[PDB]
Amino acid sequence: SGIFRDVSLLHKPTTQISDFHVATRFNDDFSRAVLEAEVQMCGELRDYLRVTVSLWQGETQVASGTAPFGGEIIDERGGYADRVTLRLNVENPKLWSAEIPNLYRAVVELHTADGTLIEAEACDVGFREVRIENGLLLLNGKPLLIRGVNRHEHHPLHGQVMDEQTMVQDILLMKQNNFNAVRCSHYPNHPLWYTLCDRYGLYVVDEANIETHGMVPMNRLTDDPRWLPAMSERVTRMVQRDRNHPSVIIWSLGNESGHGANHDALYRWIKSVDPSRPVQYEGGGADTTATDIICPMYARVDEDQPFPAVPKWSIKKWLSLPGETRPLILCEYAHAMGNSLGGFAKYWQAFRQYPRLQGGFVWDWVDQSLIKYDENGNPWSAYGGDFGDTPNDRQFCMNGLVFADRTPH
Amino acid sequence: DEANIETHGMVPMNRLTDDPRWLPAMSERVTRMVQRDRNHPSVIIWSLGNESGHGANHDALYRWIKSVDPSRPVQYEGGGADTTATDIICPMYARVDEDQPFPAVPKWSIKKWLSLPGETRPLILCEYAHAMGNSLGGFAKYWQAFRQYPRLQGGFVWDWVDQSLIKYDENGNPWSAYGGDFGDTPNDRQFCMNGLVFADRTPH
Ligand SMILES: CC(C)S[C@@H]1O[C@H](CO)[C@H](O)[C@H](O)[C@H]1O
Ligand SMILES: [Mg+2]
Ligand SMILES: [Mg+2]
Ligand code: NA
Ligand code: NA
Ligand code: NA
Ligand code: NA
């Protein structure tokens with residue numbers, strides 16, 4: 001517990017940009033795109049205000065649009081006089097992918113017609129389309145093969161405080177070891193992570209901070225309307241913060257919280273508000289009405305584990321169950337606890353052979369060991385129970401592909 | 001129940017079946033079969049024939065039957081085993097786990113076939129486990145898959161009985177003959193004996 005992420009002060013004008021959404025849509029072959037940016041203001045509207053959204057490629061401005069406030073009519077009472085949407089045509093855009101993380105810069109200016117800037121906001125933009133078609137998760141029209149890993153925010157000295165150096169070290173090691181994607185197990189990450197993933201190129205699953213594993217049954221709270229409010233904020237506020245990052249390609253409703261009606265409602269809320277990314281959720285059997293992707297944890301390649309209610313079918317079999325058509329990407333597989341990863345090649349061989357088996361995210365990146373000191377000042381790696389915590393789950397906290405200090409296993 | 005239409009030796013295989021001029025002749029082979037056998041409960045599926053590629057004639061005929069007799073699915077393996085003229089994915093000799101990616105007409109592993117993008121039909125091999133001579137190795141691998149996968153609904157082994165013919169020696173003793181033993185040529189030798197049982201019905 002504690003104040004574990006940054007604290008800042010931000011001084012905005014009273015008439016200000018209060019939110020902005022960037023979307024990119026394409027033609028059939030990706031040779032043309034439209035960048036659409038909805039901008040919202042707070043403060044007093046005045047006829048002289050304008051918003052200009054400019055797109056840059058390096059030091060070169062490639063597109064721009066300017067307009068006064070006042071959105072399209074939306075219903076019988078009119079439109080949002082406090083919003084405006086700018087539409088920029090972009091020819092032959094440089095596409096973003098984990099392989100070639102091409103980025104442009106969008107600058108959003110709140111200014112006056114006669115040229116005075118009130119304030120500006122901005123973001124890096126990656127032109128990419130993510131869609132599921134014919135049962136395949138496609139990026140810029142090509143099917144992905146997710147070489148992913150689950151990554152918790154963990155430091156052996158600092159606990160859950162993340163720093164730039166460490167984040168960078170992790171991405172470099174992931175890329176160095178042929179990973180192309182990461183799942184934010186199991187909560188929104190420090191803001192800087194998204195920026196680094198956008199720039200260095202990794203596909204990200206952004207996941208809401210909701211996990212109720214210890215309830216009995218697991219969906220006790222998630223099926224209760226009384227908890228929909230609290231849950232809703234965990235999902236909505238995550239979307240509101242992270243929706244403009246290109247690295248984020250899939251939203252996740254949380255983890256190990258069974259399957260409750262609250263999941264369904266929240267799944268639908270995201271689909272409505274941001275049609276640009278698939279929504280996944282593993283709870284309740286990995287193939288519920290709240291997920292666009294079959295996303296089991298620890299389902300085996302050839303072997304079925306037919307548990308009641310929530311079976312873990314062999315992944316090859318799952319794909320073809322009567323009426324199923326979704327892509328399958330394991331949210332967690334290959335439990336890297338101690339001397340492990342046995343059978344990893346089995347997964348890969350399957351992923352390569354079956355189009356709809358589009359990979360998975362190993363569990364997990366780094367061991368959650370903590371440093372303790374022996375009377376003599378020499379440090380050693382500690383696990384559950386080592387701080388007098390009890391009950392505890394002993395070494396279950398170390399499941400990484402690398403030791404806490406980033407040395408590889 | 002299958003129409004007496006097979007044009008395997010044509011080049012390409014659908015040369016005649018894609019030719020409207022052969023539509024009439026093909027049409028009688030399918031329609032007269034349905035008119036004759038449609039009241040038998042044992043018939044559960046109609047087949048448009050065998051190894052005649054995939055031609056427009058097949059499409060027309062597949063529709064004809066669907067129209068006249070909705071009570072039974074229609075299958076046809078030609079042209080890739082999963083064309084628009086078949087309600088059932090019905091490959092011949094597709095393997096359990098191993099793909100055989102022939103151009104145009106691949107034979108995918110049956111487990112993989114079920115789940116190709118957009119695929120949703122059941123899969124029943126029209127022919128599998130070629131029992132020629134000392135054979136049937138790997139039979140159990142099919143069965144294990146059939147039982148594990150709902151949509152893998154089995155198959156028809158190739159085939160029941162050896163097509164050997166009896167000939168008599170100089171001494172008048174009989175003996176089992178195959179391709180080429182009648183002076184026939186060219187011929188395909190022993191390929192005519194692929195059965196689980198001998199021509200006299202003794203089991204292999
Ligand atoms: C030998 C292959 C090119 S054709 C193969 O020959 C078999 C021989 O018994 C059967 O006739 C099969 O139906 C046919 O596909
Ligand atoms: Mg314990
Ligand atoms: Mg010969
Ligand atoms: Na695949
Ligand atoms: Na763990
Ligand atoms: Na089956
Ligand atoms: Na034969």
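Residues numbered from 1 in each chain as written, not as in the entry; some residues may be left out. Chains lettered and ligands numbered in written order. Part of a larger assembly, values for the part shown. Heavy atoms only, no water.

Engineer: Describe the pattern of salt bridges, listing the residues and the values that go with them.
Structural biologist: As enumerated under the stated definition, the model contains 29 salt bridges over all chains in all. For B:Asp69, the salt bridge identified is with B:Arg72, shortest N-O distance 2.8 Å. On the accessibility criterion, B:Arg72 (8% relative accessible area) is buried. We note a salt bridge from B:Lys112 to B:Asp99, for which the minimum N-O separation is 2.7 Å. With B:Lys112 in helix α3 (residues 110-114) and B:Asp99 in the loop between β2 (74-75) and α3, this residue pair connects regions lying 13 residues apart in the sequence. Each of A:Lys12, A:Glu119 and A:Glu121 takes part in salt bridges that share partners, so that together they form one network. (Salt bridge = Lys/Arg side-chain N within 4 Å of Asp/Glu carboxyl O. Buried < 20%, exposed > 50% of the residue type's maximum accessible area, 1.4 Å probe, protein only. Helix = DSSP H or I, 4+ residues; strand = E, 2+ residues; numbered from the N terminus.)

Engineer: Tell me about the site of ligand 1, residues and numbers included.
Structural biologist: Residues and elements named next belong to chain B. Every residue lining ligand 1 is accounted for by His-8, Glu-51, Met-92, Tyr-93, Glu-127, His-130, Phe-191 and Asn-194. Within the side chain of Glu-51, one N or O atom sits 2.8 Å away from an oxygen atom of ligand 1. Protein chains shield 54% of the accessible area of ligand 1, which is 400 Å² for the free molecule. The residue inventory of the shell around ligand 1, partitioned by class, reads 3 nonpolar, 3 polar and 2 charged. (Near = heavy atom within 4 Å. Polar contact = N/O pair within 3.5 Å; in protein donor to acceptor, adjacent residues only side chain to side chain. Areas by Shrake-Rupley, 256 points an atom, 1.4 Å probe, with all protein chains shown as cover. Nonpolar A, V, L, I, M, F, W, Y, C, P; charged D, E, K, R; others polar.)

Engineer: Go over the domain arrangement of chain A, please, and point to the residues and values.
Structural biologist: Put simply, an interface is often sized by how much accessible area is lost when its parts join up. Residue and element names in this part refer to chain A. Here the domain parsing of chain A yields domain 1 (14-128) and domain 2 (129-409). Here the C-alpha centroids of domain 1 and domain 2 sit 32 Å apart. In this complex, domain 1 contributes 19 residues to the contact, which on the side of domain 2 involves 22 residues. For the pair domain 1 and domain 2, the summed buried area comes to about 1500 Å², and 53% of that belongs to carbon and sulfur atoms. The largest contributions to the domain 1 side of the interface with domain 2 come from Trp-96, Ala-98 and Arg-128, which together make up 42% of the buried area. For the interface between domain 1 and domain 2, the tally reads 1 salt bridge. Linking domain 1 with domain 2 are 8 residue pairs in polar contact, by the criterion used here. Taken together, the elements giving at least two residues each to the side of domain 1 that touches domain 2 come down to β1 (16-26) and β7 (117-125). A per-element tally of the side of domain 1 that touches domain 2 places β1 first, with 4 residues. Residues belonging to the side of domain 1 that touches domain 2 are distributed by class as follows: 12 nonpolar, 3 polar and 4 charged. (Domains from an automatic or database assignment. Contact = heavy atoms within 4.5 Å. Buried area = accessible area lost by both parts, 1.4 Å probe.)

Engineer: So what's going on with the UniProt feature "active site" in chain B? Which residues, and what values?
Structural biologist: All names here are of chain B. Here the UniProt feature "active site" sits at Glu-51 and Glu-127. These annotated residues cover 77 residues of sequence, and their C-alpha atoms lie no more than 11.6 Å from one another, placing them together at a single site. Summarising the element assignment, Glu-51 is placed in the loop between β1 (46-47) and α2 (56-68). Ignoring sequence-local partners within four residues, the contact set of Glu-51 consists of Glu-6, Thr-7, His-8, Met-13, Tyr-76 and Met-92. Residue position: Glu-127 is located in strand β3 (residues 123-128). A relative accessible area of 8% places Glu-127 in the buried class. Setting aside residues up to four positions removed in sequence, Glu-127 forms contacts with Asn-50, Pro-91, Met-92, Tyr-93, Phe-156 and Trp-158. A distance of 2.6 Å separates a polar atom in the side chain of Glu-127 from a polar atom in the side chain of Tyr-93. (UniProt positions renumbered as here; feature names shortened; annotations may be inferred.)

Engineer: Residue-level account of the sheet that holds strand β15 (residues 279-280) of chain A, with values.
Structural biologist: All names here are of chain A. Read from one edge of the open sheet, 7 strands run β15-β14-β13-β12-β11-β17-β16, paired in parallel fashion. In this open sheet, the two edge strands, each paired with only one partner strand, are β15 and β16 (328-333). Across 3 bridges, the pairing between strand β11 (residues 146-150) and strand β12 (residues 181-183) is parallel. Paired with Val-149 across the two strands is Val-182, which belongs to β12. (Pairing = 2+ DSSP bridges.)

Engineer: Talk me through the interface of chain B and chain A; I want residue IDs and the actual numbers.
Structural biologist: Residue-level contacts link 15 residues of chain B with 16 residues of chain A. Note on chain B versus chain A: buried area summed over both sides is about 1300 Å², and carbon and sulfur give 52% of it. Taken as a group, B:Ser115, B:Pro117 and B:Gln148 account for 40% of the area that chain B buries against chain A, more than any other trio of residues on that side. For the interface between chain B and chain A, the tally reads 0 salt bridges.

Engineer: Describe the environment of A:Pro191, naming the residues involved and giving the relevant values.
Structural biologist: Structurally, A:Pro191 is set in helix α2 (residues 191-200). For the pair formed by A:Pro191 and A:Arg5, sequence separation is 186 residues and the distance between their alpha carbons is 9.4 Å.

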